[PDB]
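Undergrad: First the structure, which I've put down as structure tokens, then a few questions once you've had a look.
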Ligand SMILES: Nc1nc2c(ncn2[C@@H]2O[C@H](COP(=O)(O)OP(=O)(O)NP(=O)(O)O)[C@@H](O)[C@H]2O)c(=O)[nH]1
């Protein structure tokens, strides 16, 4: 019968049960990169506004040096189930995976794994102790009271609590505005040749048979032949679905993971004007001109930044994260002021192709794998992306950020005219280090990028 695919993701620390829990699910129904499986339960009544539900279990690596795999693979998922070793506490990458889930998941389900690894007598009041504690950490977040089930996939190296798990799952899972509205975009999980195949997940818009599909790292753009999904050929598919796509002949090595868009939808940004909200759990400073690891899409590149804030006189300005208004002014600042809204401008090393208005996560991933504190610095919408390559001249001169810089009678290069104050209640103006004075006896605003045609010092 007819079906719906929905991507539940399994995220957690290393050796928390993810792969071991994804099996337990798929059956009663390591890990160096995203791995997909799928169980089915009869489709809930509520979901017919689109009979079987098919949960696709996106399995994620735990290894801290593979965070970028997660960040990408959390955009593929609707509901994220955070699996936590119950014996060990809430570990490091776990409390990172919670951040990622906040940034990119709509709903959450905490799982307490390794139940058996506990004193059968005290078995409960520990769960109820780990449960009560989990409530507390989640309190601060948008997943205020997400479910917290205890299970055990491998009672050693039959699994408990798993049938209970799926019914809690087949209830919290929630499909968004499943619009095959906008420009089509697909994350490709596996791509191989037989034609050439692309088992990927759709993110935006629809795609009918024989449509026009661009592959950017492939340098050309083939047309869709067949579309096998639920073991049976389809004539059209849209968001949320996991799909299979046969396109013109080509080779795979030209991609292994990445993006498949509409004919022209995607950018090729060299830099971008981005909404930047800082992540609280990140201890430390976000420093204007500091090269962070930056994840934009199923792609993650190196970028130095520069932060700023709305006018001083217009801080308390609503927070708009849909477009940028290049009319207003913005005071250039040295670090993320910790300004209802604060922006920044990332200038990459290599370029980064991205769907317009995609989320961005700045992070410092040169750190140890056994790191001490969260490594995810800031997230934030990509408010605008400079497509131009020589953009610093071509387009930035359209932004108005400046650095409030500060430093015989009636007459004590490019400052020859600016009214300067002196300490005794006087005016004064530069001239020929001579200074003509009104009557008888600097606070300029250099635009950050105006020199290109103005090198201004014009202050009022
Ligand atoms: N005691 C106990 N051990 C379990 C249970 N479930 C899984 N394990 C143990 O967890 C160990 C590592 O977990 P595993 O699922 O392999 O790793 P993972 O969840 O995929 N994370 P990663 O991707 O880094 O391997 C396994 O060797 C398995 O024996 C459980 O329910 N109880």
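We number each residue from 1, going along the chain as drawn.
According to its header, this structure was worked out by X-ray crystallography, 3.4 Å.
Cβ coordinates come from backbone N, Cα and C, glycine included.
Sharing the feature lines straight out of Swiss-Prot:
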type    : residues             : note
REGION  : 12-19                : region 'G1'
BINDING : 17, 19, 20, 116, 154 : GDP binding site
BINDING : 17, 19, 20, 116, 154 : GTP binding site
BINDING : 19, 31, 59           : Mg(2+) binding site
REGION  : 59-62                : region 'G3'
REGION  : 113-116              : region 'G4'
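Situate these features within the shown structure.
TA: Within its own chain, the region 'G1' (12-19) is flanked in space by residues 30-31, 35, 59-60, 62-64, 82-85, 91-94, 97, 111, 113-114, 151-154, which lie at least six positions past its ends and keep a Cβ under 8 Å from the stretch.
Other Cβ atoms within 10 Å of the Cβ of residue 154 (GDP binding site), summed over all protein chains shown, number 16.
In the three-state DSSP classification, residue 17 (GDP binding site) falls within coil. If you draw a 10 Å sphere around the CB of residue 17 (GDP binding site), it holds 26 other CB atoms from the protein chains shown.
Counting only same-chain residues six or more apart in sequence, the Cβ atoms lying under 8 angstroms from the Cβ of residue 59 (Mg(2+) binding site) belong to 10, 18, 19, 22, 31, 34, 35, 36, 37.
Across the region 'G3' (59-62), DSSP classifies residues as 0 helix, 1 strand, 3 coil.
Within the same chain, residues 12, 16-17, 20-21, 83-87, 123, 127, 150-153, 155-156, 160-161 sit at least 6 positions outside the region 'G4' (113-116) and bring their C-beta atoms closer than 8 Å to a C-beta of that stretch.
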Undergrad: Around residue 20 (GDP binding site), how many other C-beta atoms are within 10 angstroms of its C-beta?
TA: 20
Undergrad: Can you give the distance in Å from the Cα of residue 194 to the Cα of residue 195, which flank 3 unmodelled residues?
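TA: The unmodelled segment spans a Cα gap of 5 Å.
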